[PDB]
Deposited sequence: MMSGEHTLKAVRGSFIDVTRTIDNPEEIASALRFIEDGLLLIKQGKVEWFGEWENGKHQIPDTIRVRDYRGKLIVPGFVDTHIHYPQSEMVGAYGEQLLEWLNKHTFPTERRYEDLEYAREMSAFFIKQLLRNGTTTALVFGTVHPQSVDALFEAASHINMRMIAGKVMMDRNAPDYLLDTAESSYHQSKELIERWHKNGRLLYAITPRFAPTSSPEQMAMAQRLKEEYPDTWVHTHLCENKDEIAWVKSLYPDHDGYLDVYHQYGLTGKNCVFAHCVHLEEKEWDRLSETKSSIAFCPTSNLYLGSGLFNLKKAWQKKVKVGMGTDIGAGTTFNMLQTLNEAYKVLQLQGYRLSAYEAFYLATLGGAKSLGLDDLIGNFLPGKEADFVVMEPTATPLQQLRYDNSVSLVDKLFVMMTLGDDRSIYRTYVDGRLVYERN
């Protein structure tokens, strides 16, 4: 509530949200010789060392990270906590049996600690997290995040049909369990609840009606589901909800579109669906790694810009094979090159930080070093491979340095992770 922390090094952030990718250059700030001052888990002051250093009393030691890159904490807008151990239709062989283990509270506790360590080790300070059907396991996840005062959005999976009996809830149990978790965890410190129907195929009309009820009763909770990942899933949803005008219309007619409504994947959207997401101000989680690993297809980021739809990056751990947001951006580059779309390092860095924060409606809280922002940040270095150090040494522009961090970065690039203005992870 009191003492100042002073962090010195080279900082990169985007200073405001934008509407066109061509505007990112104008919003990007690089301070090679920067100073970040932290008070009460927030940015007190940020800018040039020479402009700010006079504020540092002799009673305080400077944390010197000169030679490293310091960026805002990465934002993962779609990840499954109970799928860390998962290795490769898919649902019945892999997802469901893996998730089954998280009924054991002691397993859920151990894996909550492992899950949070994996995010911090990868520089992820905020995530929108799929829990389990089991509410004990969402408690374990929130308890782990709560210990370090992490800003995390999570929820109990709602799933009453078309899956194994060991993983089914009911419409009613899914209402009461979600409400009780909302009551314990929503706006509990920096924690936030998302109403999390797995997706249309595994939720009865009765359960969709409960999800709608929860959103009506708790207007400031998040909504988090899957949307149009694969053509079979879309066909299956149309066959189960034939009176609705396609997949998104199911969620829309049940009042689950709007501000802080996050749809994962959105690979195979109709024109009408793109416009609905735009009009509702609903959010997409672009999950390139799983989209390639399952051969789901190529997310049209160009169209999302055209349609002014909020996009954040998701790892979709489980189906995606990395926690790392730099590797996720690398896969985004690959997905986009196959569409002849050239993802700039500026745009990638935007999507990983303030862009994703905007997609979760948290851009007033995190995502750059503006005064008043929550002090979540990552000390990075290009030391992952000798090849990364070589390419970084041969880089002179900020775009080239960002590019080397994106294309050859992994967990070894993350030196330190700060959550709530406190050191919560060192590499070693």
Stretches of the record's deposited sequence for which the structure holds no C-alpha atoms:
1-4, 93-99
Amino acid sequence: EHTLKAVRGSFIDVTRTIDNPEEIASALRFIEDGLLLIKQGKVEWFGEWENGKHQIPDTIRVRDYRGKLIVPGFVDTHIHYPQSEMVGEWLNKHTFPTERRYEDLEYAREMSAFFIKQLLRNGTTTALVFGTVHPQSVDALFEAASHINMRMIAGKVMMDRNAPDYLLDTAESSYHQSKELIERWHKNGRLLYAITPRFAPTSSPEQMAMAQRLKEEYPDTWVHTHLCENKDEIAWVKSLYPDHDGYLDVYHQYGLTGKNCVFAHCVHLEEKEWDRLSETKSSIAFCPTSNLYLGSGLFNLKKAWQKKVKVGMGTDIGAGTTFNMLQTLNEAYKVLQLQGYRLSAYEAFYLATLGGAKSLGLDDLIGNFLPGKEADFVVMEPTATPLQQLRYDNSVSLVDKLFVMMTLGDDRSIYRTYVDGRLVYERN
From here on, numbers count along this sequence of modelled residues.
Averaging CA B factors per stretch from the PDB record, which one is higher: 213-221 or 310-318?
213-221
Which wins on mean Cα temperature factor, 237-245 or 114-122?
237-245
From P205, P288, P72, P197, which pick has the Cα B-factor that tops the rest in the entry?
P205
Among all modelled residues of this chain, ranked by Cα B factor, put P82 in the bottom, middle or top third, i.e. lowest, middle or highest.
lowest
Would you mind checking where the Cα B-factor of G409 ranks among the modelled residues of its chain, as the lowest, middle or highest third?
lowest
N20's Cα B-factor: lowest, middle or highest third of the chain?
highest
Among modelled residues of the same chain, the CA temperature factor third for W49
highest
By the entry's values, the third containing the CA B factor of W90 is the highest
